[PDB]
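1. 3D, please:
(chains A, B, C, D and E, ligands or ions: 6)
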Amino acid sequence: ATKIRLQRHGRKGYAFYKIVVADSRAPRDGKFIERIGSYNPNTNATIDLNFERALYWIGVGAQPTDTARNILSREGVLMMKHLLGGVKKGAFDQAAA
Amino acid sequence: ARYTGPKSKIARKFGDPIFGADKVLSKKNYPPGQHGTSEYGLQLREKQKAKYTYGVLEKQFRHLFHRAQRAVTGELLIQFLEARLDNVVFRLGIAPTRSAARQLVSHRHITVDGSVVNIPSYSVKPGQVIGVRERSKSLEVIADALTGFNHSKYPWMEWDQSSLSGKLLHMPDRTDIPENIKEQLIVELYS
Amino acid sequence: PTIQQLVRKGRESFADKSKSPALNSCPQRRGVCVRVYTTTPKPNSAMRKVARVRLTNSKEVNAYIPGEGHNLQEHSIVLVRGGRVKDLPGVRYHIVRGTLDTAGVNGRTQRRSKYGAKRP
Amino acid sequence: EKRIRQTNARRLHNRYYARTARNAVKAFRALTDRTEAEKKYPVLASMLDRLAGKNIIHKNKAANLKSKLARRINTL
RNA sequence: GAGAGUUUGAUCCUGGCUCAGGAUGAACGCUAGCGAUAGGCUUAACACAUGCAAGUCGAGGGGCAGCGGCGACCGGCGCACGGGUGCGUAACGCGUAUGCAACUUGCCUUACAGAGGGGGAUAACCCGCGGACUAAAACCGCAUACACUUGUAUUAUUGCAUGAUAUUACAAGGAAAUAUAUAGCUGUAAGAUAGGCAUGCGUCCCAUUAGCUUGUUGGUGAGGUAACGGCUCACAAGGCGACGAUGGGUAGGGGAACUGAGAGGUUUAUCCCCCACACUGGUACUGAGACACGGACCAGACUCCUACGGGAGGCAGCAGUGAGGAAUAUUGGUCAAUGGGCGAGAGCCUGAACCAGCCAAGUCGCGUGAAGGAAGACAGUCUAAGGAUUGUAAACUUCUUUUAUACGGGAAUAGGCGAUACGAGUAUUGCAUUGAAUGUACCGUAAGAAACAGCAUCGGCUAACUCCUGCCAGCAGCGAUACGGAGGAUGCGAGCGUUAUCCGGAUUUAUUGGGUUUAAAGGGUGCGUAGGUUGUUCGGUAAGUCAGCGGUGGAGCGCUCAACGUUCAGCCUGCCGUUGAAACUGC
Ligand SMILES: [K+]
Ligand SMILES: [K+]
Ligand SMILES: [K+]
Ligand SMILES: [Mg+2]
Ligand SMILES: [Mg+2]
Ligand SMILES: [Mg+2]
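-> Numbers count the residues shown, from 1 in each chain, chains lettered A, B, ... in the order given. Ligands and ions are numbered 1, 2, ... in the order given. Okay, here it is:
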């Protein structure tokens, strides 16, 4: 299936991951459909993320891995519950906390 | 590697007092050897003079040269050579000679911006602080070179004896650096 | 030629031959000393020591023996490298000293690495 | 051994129904009477559709066979 | 964006050759301290033995002989991926750009409908390769679905020819899985993903390779396929070729990488995309998907074992060993991280991957000490003077680094409380192979740490002794300011040289950018086919040409510094689509 995962694109002893959308059958650092961000666990962890594209792929049904799911839980990408029109029409703001 | 050999032989070969003052600069001053020139000879003499006076080997010197070419090329190569941790420490007077400055930097005695840097080739950008280690401010050898001498003849160092630090205002122009090196010869040789 | 002549025919570029064809694009080869003999130079008048060697690449060539004093003999396994001698027609290869059967030159104190002599 | 046994059993199972369906279409292809063709069509179409939804053959193959037989019986 | 030598007694040209430079998954000789980050059978799709590499589900079923969970069997999913190799293949194989109104697509997401009723074997077990009873989310009917398929229509709308999309109908036919709220099951549609087919242009030499083809070219019909089609099967005759058909030889192809101011070129070592393959051929089968990489059957080598009745392996997965060779490493650790497979989850597995070990080892960085100390002893060249030489010897400090000790990070992030009743947002819990590994700190010490090449010209660097053949060389050549040693000198420096391969100077294939009287080079001379070129002028067109619009394909930050990682400004200037212009070429 289509997945959201991290490819190790760095140096020995310095792991830098690229957040991409790719088929499950593709190799880990090989082919991908779209690049949606970056990830660095060495700092105290800087995350770059395309919010619109990540929302689009999680809406069309790309299954994220565990670490990519945590990265999407951060930066508020899993707000599809709030954006599903759950008997409301306004948009809440939880990013400030 | 490092030269770690005889210095008076190089001093008598080049004539100029690159390492400092010595009695052999005035007594028996001639190129060394029991037996003792083309423009190649003079260019090689100039390049080796720069290398010996700044403690740089050939590959590092070539890297410095083409870095200066990428970013007058001979004019800024000299300031690139001057902007070095050992050279800046030596010019601040905290160490007697350039070899002493190199050893002091290589050992855990010199900090840059509060962090100890022990690479004696680290390029020092303008507006940076180079200072003695706070754990090595009370060495017998560390004080006689700075205190007492107090040359302060360079209008690009700020000393601030009350903190034992030092600052580089800006890269000095090619006329204010007291080095007898014709950069045109070196850039012609490497061109 | 005219532009149309070049369009019809074009330009042809030859291939430069290799100066050591018996090595088969290898730095060194291994052989056996088929014969050990002496040759005369083509205004020198010396006695140059050469060996006819059959290399493992199915080829037989002549290899000069540099230095003074060779312990080699017939049917000896030797290492053969490129390099020719100007005043000797024929030979175009050298024998590496200090490798396999060939021994280093005794009593050498200068240019030691070119003749396989250790530090004394 | 398990894979070999499963493949042999499934091959025999598929061969049974595929050969039965092929024989059914072969027998239907020699019919002449319109009423006989009309009363023999639905069971053959049911068998073909069961095969197609049962993955012995393909849905497009069953559709092609059904279309061919219907167009044949539409012209006596 | 450059040159040097070399034909002569001495010139100026022409022309080859040789050096000088840069780069290797290179090898060899001499000599070797450390750290970081790369790379490691280039020779043969060579042989061997051992072990591992693809399993998982007791929330599917019969059993428990084993204390809860599970050996084994039936069943579901996966093993077509990850990984390895470059044999074969001048081909819609690949690159670039499109089309499918001729296509298929498990797992995933969303929407709409449904899960009602039954019956056979059979594995294991039992009893001796045979006999009997067994269960299903295994297997197969029946009921239902007009959201699907098939056939006949009506109303349309609209295309690119064959036509396509929707409605409104009749007819026939086609499913399921339940288990302990969760996990789910079936049909249909849309999306996403992955494949398939067909196209325009580009894609190595040989004419001491000139005709090739007989389902070959087209039409009708039928069959077959996911699908069009000579894909296959039962009239006309064609089609393709000097813009190179056909035949032969050699290559996997691109981005990269290296290298040239540019023109470009070389080569696929690591890395990524596509293709082909799994000892050699043939056939398939199972599957959503197969050249089936740890699946069959048969036919061929070859190799191994039996106990002569019979059976096994393919080492182009990861590691030992042997051989070939100039030459390339451990029968290592862990699933902690990333990625996969299965599972409701916990979790299990993973020679992918993370790591470590070995290897002058490609690149980068550091050390082998820092400041003073007069002209010891021992070497040379001249009985004194000069070179070694501030060099040693002591006397004063420092520890990068080595050693002994301690602290030791980071890579590790993932019960209630709204409530839409489920998502989702918040606490807690263990979790490191690397690993005394970075780093930090403490004693007592310069203590443990420098080679190699060449010094007569080109070129940086000269005395004396040998030899006067032995020798040396890239050239002028010497056989010595050229051979061998001793003293000094000059390069580079944990490296220095030798060999092999590839580029530039080379304009030594010259479109940019060469020539043909005498240096190589005008056909013996004409006529003429294909082809190339086209006086002047008036209008059309828009093929070349030009322009616009779309689609596609240096500055920071972190490594203590640097190599190196990483981000944005910055080219896309190649291809395609769509609008305009008309001076020149073409018509
Ligand atoms: K962190
Ligand atoms: K399947
Ligand atoms: K893992
Ligand atoms: Mg180095
Ligand atoms: Mg002539
Ligand atoms: Mg004539």
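2. so what's residue A:17 bridging to?
-> Here residue A:17 shows beta-bridge partners residue A:8, residue A:39, assigned using DSSP bridges.
3. what about it, neighbour count?
-> By the other Cβ atoms under 10 Å in any protein chain shown criterion, the neighbourhood of residue A:17 contains 21 residues. All C-beta spots, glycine's among them, are computed from the backbone N, C-alpha and C.
4. quick one: it from residue A:49, how far?
-> As defined by Cβ to Cβ, to the nearest Å, residue A:17 lies at a distance of 12 Å from residue A:49.
5. ok, now residue B:6?
-> Taking Cβ to Cβ as the measure, residue B:6 and residue A:49 are separated by 62 Å.
6. ok, residue C:114 next?
-> Following Cβ to Cβ, the distance that separates residue C:114 from residue A:49 is 63 Å.
7. so the two - more neighbours on which side?
-> Relative neighbour count places residue A:49 above the other of residue C:114 and residue A:49, with 18 against 13, counting by other Cβ under 10 Å.
8. which phi and psi values does the more buried one adopt?
-> Torsion angles at residue A:49 (phi, psi; degrees, to the nearest 10) stand at phi -150, psi 130.
9. who does it bridge with?
-> Taking DSSP bridges, one obtains residue A:37 as the residues bridged to residue A:49.
10. now it: how far from residue A:94?
-> Distance, residue A:49 to residue A:94, using Cβ to Cβ: 16 Å.
11. go on, residue B:59?
-> Taking Cβ to Cβ as the criterion, residue B:59 is separated from residue A:94 by 57 Å.
12. swap in residue D:70?
-> Counting by Cβ to Cβ, the separation of residue D:70 from residue A:94 is 61 Å.
13. same check, this time on residue C:93
-> Counting by Cβ to Cβ, the separation of residue C:93 from residue A:94 is 81 Å.
14. tell me which of the two has more neighbours.
-> The residue with more neighbours, out of residue C:93 and residue A:94, is residue C:93; 24 against 8, by other Cβ under 10 Å.
15. what residues does the more buried one make contact with?
-> For residue C:93, the set of contacting residues under the criterion of Cβ atoms under 8 Å, 6 or more residues apart in numbering or on different chains consists of C:20, C:22, C:61, C:62, C:63, C:64, C:80, C:81, C:82, C:83, C:84.
16. could you dump those residues into JSON lines and include distance to residue B:126, secondary structure and neighbour count?
-> Written out in JSON lines, the entries for the contacts of residue C:93 read as follows (distance: Cβ to Cβ, whole Å; DSSP: H, G, I helix; E, B strand; the rest coil; neighbours: other Cβ atoms under 10 Å in any protein chain shown):
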{"residue": "C:20", "distance to residue B:126": "57", "secondary structure": "coil", "neighbour count": "18"}
{"residue": "C:22", "distance to residue B:126": "62", "secondary structure": "helix", "neighbour count": "20"}
{"residue": "C:61", "distance to residue B:126": "65", "secondary structure": "strand", "neighbour count": "22"}
{"residue": "C:62", "distance to residue B:126": "67", "secondary structure": "strand", "neighbour count": "19"}
{"residue": "C:63", "distance to residue B:126": "63", "secondary structure": "strand", "neighbour count": "26"}
{"residue": "C:64", "distance to residue B:126": "62", "secondary structure": "strand", "neighbour count": "19"}
{"residue": "C:80", "distance to residue B:126": "60", "secondary structure": "strand", "neighbour count": "26"}
{"residue": "C:81", "distance to residue B:126": "55", "secondary structure": "strand", "neighbour count": "16"}
{"residue": "C:82", "distance to residue B:126": "55", "secondary structure": "strand", "neighbour count": "16"}
{"residue": "C:83", "distance to residue B:126": "55", "secondary structure": "coil", "neighbour count": "14"}
{"residue": "C:84", "distance to residue B:126": "59", "secondary structure": "coil", "neighbour count": "14"}
